[PDB]
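The chain below stands alone and is given in structure tokens; this is the form deposited in one PDB entry.
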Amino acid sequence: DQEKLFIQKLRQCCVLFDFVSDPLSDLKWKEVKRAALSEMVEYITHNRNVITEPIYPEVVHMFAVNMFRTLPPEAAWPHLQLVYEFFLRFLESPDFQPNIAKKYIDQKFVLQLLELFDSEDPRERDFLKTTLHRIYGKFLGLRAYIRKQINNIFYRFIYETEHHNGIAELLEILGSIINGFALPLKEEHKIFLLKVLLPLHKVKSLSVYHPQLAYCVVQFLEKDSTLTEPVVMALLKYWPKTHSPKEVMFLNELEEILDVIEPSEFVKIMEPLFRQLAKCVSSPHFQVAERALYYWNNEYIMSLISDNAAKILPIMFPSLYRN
């Protein structure tokens, strides 16, 4: 019976071992366990209807025993990478039924998985990123708990200085959610964009998670072009008043906001924008000015400028125009 041997090899991978007086049995045990994982990865990726009901607790148990650990202030990445892979192909499988898995993938599991985002291994955080994205898309009953617990991590990172190596990869997930949001946006989300996503531009380690943060900010305005006024005004607030090469990030974000800005809302914030933008063209840092002047290579911006030339050119070149 094949279903029995599947469970045997699963439980076999729940035995964590160590040999200090036998460096060869250790290697075999590793190789025996690395091989059993590979065998199961192939078995589940290519065979149809092999995922039966008794399997689910075995898989979640095998994942929890290997992955849910304590992160040192990993080394056996060959093994850890196979586990995430197997668990990933297990979620993606067409034989996967969330109604049965909902029993064993509870909130405690999701919580424990989020602890691992603090890990300092980019390749591990990349597997955790993908894994959490499959859970959200199939476990409707966990979508709320995840948002609440992610909204917690961010709140801890801005205010309580709870540094997190996983901020970048968490934002990347949120963008996948924001892009699929529903008709009127809930106030729960608006608050998050305003009272969480924008204050993220305030933290010092912005250099690491800025591209993904900007994506979420743009995806929010792509849905509801109502929030483009408080977004832009906040960015000019959080704008580094100190002339620094970190302005290039804001110019990037602002040009990315302008490529999707609704012209009816552009005029609502076009004056305070260019006052700052003119300051950038006058910056003592070439990279800042070079970037602000690269705005003109944007055709949709030029149209927005010429259709409002009466207000812009006075600000950009006050020597040459008046009001």
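Whichever C-alpha set is largest while still superposing within 1.5 Å between the two forms counts as the rigid core. Numbers follow the displayed sequence, beginning with 1.
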key: Greatest C-alpha divergence in 7 other deposited structures of this protein once each structure is fitted on the rigid core, 270-278 or 47-55   = 270-278
ask   = Of the stretches 213-221 and 155-163, which sits farther from where it is here in 7 other deposited structures of this protein, on average over its Cα atoms, after fitting the core?
value = 155-163
query = With respect to the deposited sequence, how many residues separating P73 from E74 are not represented by coordinates: none, 1 to 3, 4 to 9, or 10 or more?
reply = 10 or more
query = Comparing 8-16 with 296-304, where is the mean C-alpha B-factor higher?
reply = 296-304
inquiry  = If you take the mean CA temperature factor per stretch, which one wins between 155-163 and 77-85?
reply    = 155-163
note = The largest CA temperature factor among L185, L171, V248, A214 is found at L185
message = Can you tell me which of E229, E124, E115, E92 has the maximum CA B-factor listed in the PDB entry?
response = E229
ask   = Looking at the C-alpha B-factor of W239, is it in the lowest, middle or highest third of its chain?
value = middle
Among modelled residues of the same chain, the CA temperature factor third for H133 = middle
remark   = Sorting the chain's modelled residues by C-alpha B-factor and splitting them into thirds places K190 in the highest
note = Of the three thirds of Cα B-factor ranks in this chain, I150 occupies the highest
ask   = In terms of the CA temperature factor given in the entry, to which third of its chain does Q276 belong: lowest, middle or highest?
value = middle
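The same protein also exists as the form deposited with a partner chain bound; that form is not shown, yet it is the one meant from here on.
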query = Okay, which stretch from 78-86, 224-232, 93-101, 188-196 lines the partner chain in the deposited complex, with non-hydrogen atoms inside 4.5 Å?
reply = 188-196
key: Heavy atom of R275 within 4.5 Å of the partner chain in the deposited complex   = yes
query = Does the partner chain come within 4.5 Å of any heavy atom of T70 in the deposited complex?
reply = yes
message = Residue-level question: is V208 within 4.5 Å of the partner chain in the deposited complex, judged on heavy atoms?
response = no
message = in the deposited complex, does every one of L111, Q149 and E160 come within 4.5 Å of the partner chain, counting any heavy atom?
response = yes
